[PDB]
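Report on one structure; see the data block that follows.
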Amino acid sequence: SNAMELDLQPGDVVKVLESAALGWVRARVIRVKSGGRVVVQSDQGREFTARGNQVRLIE
Numbered sequence: 001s002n003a004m005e006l007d008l009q010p011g012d013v014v015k016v017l018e019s020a021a022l023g024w025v026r027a028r029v030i031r032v033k034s035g036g037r038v039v040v041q042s043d044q045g046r047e048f049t050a051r052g053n054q055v056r057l058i059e
């Protein structure tokens, strides 16, 4: 699917490693913000800045 490439669009459904004490959880890309500030939000409602090293789309 990708290595580190940001093809993440708002509405996407990915696994992101949210926090080290949780690991890869499933998040949702809400937006692409300032420059390369990816907005993803997990179902806990927390938005956070994702990066292509923290996000994997079906792979």
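Under the entry's author numbering, the first residue of the sequence shown is numbered 1, with each subsequent residue one higher.
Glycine included, every Cβ here is placed at the ideal spot set by N, Cα and C.
Inside the segment 2–31, DSSP marks whole beta strand (DSSP E) runs of 3 or more residues at positions 13–19, from first to last along the chain. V14 is a Cβ neighbour of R28, given a cutoff of 9 angstroms. Taking the CA atoms as reference points, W24 sits about 24 angstroms from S34. An exposed status is given to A20, since fewer than 16 other beta-carbon atoms sit within 10 Å of its beta-carbon.
The C-beta of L22 has fewer than 16 other C-beta atoms within 10 Å across all chains shown, which makes the residue exposed.
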